[PDB]
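> sequence and experimental coordinates follow.
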Amino acid sequence: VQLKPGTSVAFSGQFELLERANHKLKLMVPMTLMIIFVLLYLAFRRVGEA
Amino acid sequence: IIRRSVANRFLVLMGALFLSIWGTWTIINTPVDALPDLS
């Protein structure tokens, strides 16, 4: 299907919310890993064991 | 307050580095303007 100048096509419904949540979850992992590493160094006082 | 901080200097250095990264991000992501709203 070929597009026409002046008209656009956008998927909506559950897909937009799915993509938003996916991006959020993708960028949310580093914070979790960093908090875990910080609280682990707080307990073992060494980067090796952490 | 000074002696208890130099002891565990590794955590202090890590915190300083994290603060540097966060501050650089906030700086490059700060809005701009000419004069504050005096109206």
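Everything's here; your move. Residues are numbered from 1 along each chain as shown, chains lettered A, B, ... in the order given.
> and residue A:27, what element?
Counting by DSSP states H and E, the element that carries residue A:27 is helix A:14-44.
> show me what that helix is packed against.
helix B:9-28 (3 or more Cβ pairs under 8 Å, 6 or more residues apart in numbering or on different chains; DSSP states H and E). In this view, the C-beta of every residue, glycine as well, is placed from N, C-alpha and C.
> swap the cut-off to 6 Å and go again
Helix A:14-44 is packed against no helix or strand, with contacts defined by 3 or more Cβ pairs under 6 Å, 6 or more residues apart in numbering or on different chains; DSSP states H and E.
> quick one: that helix to chain centroid distance?
Offset of helix A:14-44 from its chain centre (Cα atoms, centre = their mean, to the nearest Å): 7 Å.
> residue A:47 and chain B, how far apart?
Counting by Cβ to the nearest Cβ, to the nearest Å, the gap from residue A:47 to chain B is 8 Å.
> which residue sits closest to that residue, ignoring its sequence neighbours?
residue A:41 (6.5 Å; Cβ to Cβ, 6 or more residues apart in numbering or on different chains).
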